[PDB]
Structures are given as structure tokens and as C-alpha cells.
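These notes are about the structure you will find just below.
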Amino acid sequence: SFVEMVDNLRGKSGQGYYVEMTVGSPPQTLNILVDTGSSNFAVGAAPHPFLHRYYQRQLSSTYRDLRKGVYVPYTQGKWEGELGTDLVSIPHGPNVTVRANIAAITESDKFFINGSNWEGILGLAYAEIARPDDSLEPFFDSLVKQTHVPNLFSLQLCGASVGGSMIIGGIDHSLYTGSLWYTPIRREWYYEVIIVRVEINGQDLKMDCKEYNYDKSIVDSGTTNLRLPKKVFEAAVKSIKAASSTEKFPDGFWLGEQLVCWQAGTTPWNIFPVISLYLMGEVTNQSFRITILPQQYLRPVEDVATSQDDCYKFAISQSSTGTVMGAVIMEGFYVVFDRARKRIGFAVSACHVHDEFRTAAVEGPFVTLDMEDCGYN
Ligand SMILES: O=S1(=O)C[C@@H](Cc2ccc(O)c(Br)c2)[C@H](O)[C@@H](NCc2cccc(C3CC3)c2)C1
């Protein structure tokens with residue numbers, strides 16, 4: 001019965017993916033951003049320039065105030081509001097209704113995006129990182145406890161304006177090709193995993209694998225880019241520059257500031273290398289890899305003028321909070337958040353990218369010794 005959830009996600013490039021939900025009685029329709037990088041379910045509950053609509057607690061008869069404030073600071077943007085509970089459902093999802101915690105956003109800063117089409121956020125990560133504290137039961141946890149929906153979900157994020165699917169309670173075998181490869185969830189807070197090796201164009205970066213996960217590595221559908229720790233980022237950029245030394249790009253480009261352009265349909269994809277991230281496997285000394293094509297870390301953006309040339313932005317940025325595998329990584333892959341078995345699965349998506357002589361992939365099995373030492377402590 002997962003077919004009903006296929007294609008239940010929409011959104012704009014770089015503005016996140018959202019699914020339709022309803023809260024309160026009678027049901028109030030809202031587009032909620034799907035974010036595996038947080039654990040708070042929050043929605044606008046007051047007027048805002050970027051909000052076409054919002055949650056009105058007054059009109060909901062099933063609303064319950066918790067008389068307790070709350071705020072959440074993201075890497076970029078933040079909001080604060082009032083806690084409470086109410087009935088929630090997902091039209092294009094499982095046919096159920098659960099009472100979940102809801103943070104009514106009353107004030108925010110750089111959180112809502114102008115014209116994103118969503119008015120809330122659904123944090124699918126664990127309680128450990130929920131605000132104010134890990135006692136605020138996350139939405140998915142409530143769903144699993146109050147219904148018979150299996151403890152897992154999968155995400156198929158498709159690029160291009162953008163669409164995808166969020167299969168709640170299972171895996172839809174029609175959304176991916178090949179085999180699914182699983183990596184352990186190291187700890188249940190963020191969806192933390194362990195990168196044991198990195199290669200660019202088949203060339204190993206040869207860095208202490210601890211650097212790849214300093215201070216952690218997470219799968220964040222709520223982040224657009226692939227964010228890398230300072231040292232790793234520098235090495236990656238240096239390698240990518242050399243691979244594309246044929247052409248010249250402004251230094252601001254490698255910082256995600258300036259967008260490079262090329263004649264409509266003349267993008268030199270070949271000069272850009274593929275990036276391979278090896279992840280910890282499910283058995284001793286075993287790992288697997290996911291390969292990313294340039295069409296993934298070169299997010300396309302509208303021409304800065306009236307020109308009709310292909311312009312893109314470097315979707316790989318530096319991080320100070322660990323590696324972040326955002327949409328640019330997830331796009332083209334079918335990702336299974338198998339909470340019940342503490343693992344995350346990856347498979348080539350049915351809506352993957354298309355390069356002439358190259359292809360995004362998930363390959364295994366590989367042998368990698370001392371993977372344990374790759375985790376940071
Ligand atoms: O770039 S982010 O801030 C986008 C954010 C979700 C978000 C928020 C506002 C937006 O317009 C968009 Br688009 C997306 C994620 O949720 C973050 N996930 C990691 C994280 C980083 C710092 C603090 C937290 C606290 C747990 C929530 C989580 C990464």
C-alpha cells in the first residue's frame with residue numbers, strides 16, 4: 001500500500017522537500033519540510049511575510065496547550081514558539097491519526113524561505129536532539145507508538161521544480177534499482193554514520209579516516225549541500241580544482257558565492273571528477289561506497305541575467321560541525337532509515353542523474369580494516 005505515498009514530496013531547488021500534512025480538528029492543511037537533520041515538529045502559528053498560511057490553534061478543538069516555551073537554533077536560521085499537542089495526519093501517507101507534539105512558531109529569524117511553499121518542519125531524527133530536551137517525544141516516535149506503522153521510513157529525493165517520495169513504514173521496491181547497502185546508525189540522536197574512506201576520481205584522499213567524521217557525520221535531508229570538515233573540505237577542493245584546471249573559475253565559486261555559467265548544453269561535466277564515499281558496512285571489515293557525479297554537487301541556478309546559459313553553484317561547502325550528507329548526496333539514491341534495525345540503507349534511485357559515460361552508484365562489498373578507528377570521540 002506504499003504506492004499511495006509515491007511522489008508525495010514536492011519543493012523548490014535548494015529550499016528543501018516537503019510533504020502535505022493536516023493538524024487539528026477540523027483538519028488544517030500545511031506543507032511541512034521533511035528534515036532528518038532535526039527532531040522537532042514545528043509549524044508557523046502566526047502571520048509572516050513568507051507564510052501564505054499558518055496553524056491556528058484557536059480553530060482547533062483537539063488542540064492542547066502545554067504551557068511551555070521552546071526554541072530551536074539551526075546551523076542557519078532559528079525560531080521560537082509555544083509547545084502543545086494536537087491530532088495530525090498525512091493525506092498521502094499512512095491512513096492513521098496520531099496526537100503529536102507541535103511547536104507553534106510565534107517568532108523566527110532566517111527560518112522561513114520566501115516562496116518555499118512550506119510553512120512548517122518535521123524533524124525525523126531522535127529525541128536526544130529535540131528541544132527543549134529529549135523528553136519532547138518526536139513525531140515519528142509518536143506515530144510508531146500510537147499505530148501499527150513499522151519503525152522505519154525511506155526517502156527518494158529527486159532533483160531536476162523538484163519532487164520525491166517519503167515511504168512511511170516501509171520500503172517500496174519499485175523506487176530503486178540494484179541492491180540496498182546498509183551502514184550502521186552509530187548513535188540514535190542525529191542519523192549518525194561513519195565514513196571510512198573517500199576517493200575522488202578513484203584516487204584516495206589518504207587522510208586519517210577520523211577526519212572524515214570530525215566531529216561527526218550525519219544524513220541530513222534538511223541540508224542542501226554536502227558539508228565537509230575544514231581539513232577534508234580543503235583537500236577535496238584542491239583535488240577537484242586540479243581535475244578541472246582546464247577551465248578557470250572565480251575563487252568565489254569554490255566558496256559557493258559565485259555561480260559559473262556555460263553555453264546552454266555545453267557544460268564540461270567530463271572535467272569534473274566523481275566523488276566516492278565509503279561507508280561502514282554491516283559485517284566485520286566490510287564497507288560499501290556511494291559515488292556522486294558532478295551533476296549532483298553542481299546545483300543548477302537561474303541565470304543572473306536574461307541569458308539562457310547553464311549556470312551552477314558549487315554545492316560542497318566547509319563545515320565546523322562535522323560532515324553533512326545533504327540533498328546533493330541523497331538525490332539520486334533511495335535512502336532507507338531503518339530505525340528498527342539501527343541502520344541506514346542506500347540504493348541507486350529510480351530517479352537518478354544521467355551522465356553520458358558515468359553513473360551514480362552504490363557498490364559493494366568492499367574490505368576496509370580498522371573501520372572502528374574512523375569514528376571520532
Ligand atoms: O543547515 S541546517 O541548519 C537546515 C536545518 C533544517 C532547515 C531549517 C530551516 C530552513 O530554511 C531549511 Br531549508 C532547513 C537542519 O535541521 C540542520 N540539521 C543539523 C542541525 C544543526 C544545528 C542544530 C540542529 C538542531 C537539532 C535541530 C540541527 C542543518
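Numbers here simply count residues along the sequence, with the first being 1.
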Spacing of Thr62 atom OG1 and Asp86 atom CG [to the nearest 0.5 Å]
4.0 Å
Fit a plane to each ring of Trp181 and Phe288, take the angle between them on a 0 to 90° scale, and name the class: parallel (under 30°), tilted (30 to 60°) or perpendicular (over 60°).
tilted
Between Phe233 and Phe314, how do the two ring planes meet: parallel, tilted or perpendicular, split at 30° and 60°?
tilted
Roughly how far, to the nearest 0.5 Å, is CG of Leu175 from OH of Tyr334?
5.0 Å
Only one of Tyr54, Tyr17, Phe111 clears ring-ring contact (aromatic ring centres under 6.0 Å, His included) with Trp118; which?
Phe111
Hey, is the main chain of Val149 close enough, under 3.5 Å, to the side chain of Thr147 for a donor-acceptor pair?
yes
Spell out, as yes or no, whether a donor-acceptor pair under 3.5 Å connects the side chain of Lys210 to the backbone of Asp373.
yes
Using the benzene-type ring in the case of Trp, are the ring centres of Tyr126 and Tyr191 under 6.0 Å apart?
yes
dist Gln156:CD -> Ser165:OG (nearest 0.5 Å) comes out at 4.0 Å
Side chains of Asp133 and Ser135: any donor to acceptor distance under 3.5 Å?
yes
Candidate list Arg289, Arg197, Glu363, test side chain to side chain donor-acceptor pair (under 3.5 Å), partner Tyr278, passing option
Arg289
May I ask you to test the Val43-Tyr55 pair for a side-chain heavy-atom distance under 4.5 Å?
yes
Same cluster or not: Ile113 versus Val19, using hydrophobic residues (I, L, V, M, F, W, Y) connected whenever any side-chain heavy atoms lie under 4.5 Å apart?
no
Can you check salt bridge (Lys or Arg N to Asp or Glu O under 4.0 Å) on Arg339 and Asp141, steps first, answer last?
CA-CA 10 Å; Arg339 297 153 59 94; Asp141 289 271; 3.3 Å; yes
Just verifying a value: how many Å separate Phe337 CZ and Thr36 OG1, rounded to the nearest 0.5 Å?
4.0 Å
Hey, what do you get for CG (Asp338) to OG1 (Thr183), rounding to the nearest 0.5 Å?
12.5 Å
Whether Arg358 engages the ring of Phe272 as a cation-pi pair (distance to the six-membered ring centre under 6.0 angstrom, angle to the ring normal within 45°) should be assessed.
no
Between the side chain of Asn31 and the main-chain N/O of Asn117, is any donor-acceptor distance below 3.5 Å?
yes
Is a side-chain donor-acceptor pair under 3.5 Å present for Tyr212 with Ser217?
no
Quick one: does any side-chain atom of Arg227 pair with a main-chain N or O of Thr224 as donor and acceptor, under 3.5 Å?
no
Hydrophobic clustering (ILVMFWY, side-chain heavy atoms < 4.5 Å, transitive) - are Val336 and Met166 grouped together?
yes
Between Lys238 and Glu234, is a salt bridge (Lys or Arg N to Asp or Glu O under 4.0 Å) present by the stated rule, with each step listed?
CA-CA 6 Å; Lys238 176 182 176 183; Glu234 299 174 307; over 6 Å; no
For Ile218, the other hydrophobic cluster members (4.5 Å side-chain criterion, sorted by chain and number) are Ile129, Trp189, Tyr190, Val324
Among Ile102, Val72, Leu122, side chain to side chain contact (heavy atoms under 4.5 Å, CB included) partner for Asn40
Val72
How long is the gap from CG on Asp355 to CG on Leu293, to the nearest 0.5 Å?
5.5 Å
Could you check whether any side-chain N or O of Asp109 sits under 3.5 Å from a backbone N or O of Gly77, counting only pairs where one atom can act as donor and the other as acceptor?
no
Among the clusters formed by ILVMFWY side chains lying less than 4.5 Å apart, do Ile194 and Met207 turn up in the same one?
no
Centroid-centroid under 6.0 Å between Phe41 and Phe139 rings:
yes
Set out, in order, the CA-CA distance, both residues' side-chain angles and the distance that settles side-chain hydrogen bond (donor to acceptor under 3.5 Å, both in side chains) for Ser89 and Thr97, then state yes or no.
CA-CA 5 Å; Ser89 289; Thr97 295; 2.8 Å; yes
Can you hop from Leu152 to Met330 via hydrophobic side chains spaced under 4.5 Å?
yes
When the aromatic ring centroids of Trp269 and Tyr312 are compared, is their separation below 6.0 Å?
yes
Linking I/L/V/M/F/W/Y whenever their side-chain heavy atoms sit closer than 4.5 Å, directly or via other members, would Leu9 and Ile121 fall into one cluster?
no
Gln28 (side chain) donor-acceptor with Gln56 (main chain) under 3.5 angstrom
yes
Give a yes or no answer on whether the side chain of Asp310 reaches the backbone of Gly265 with a donor-acceptor pair at less than 3.5 Å.
yes
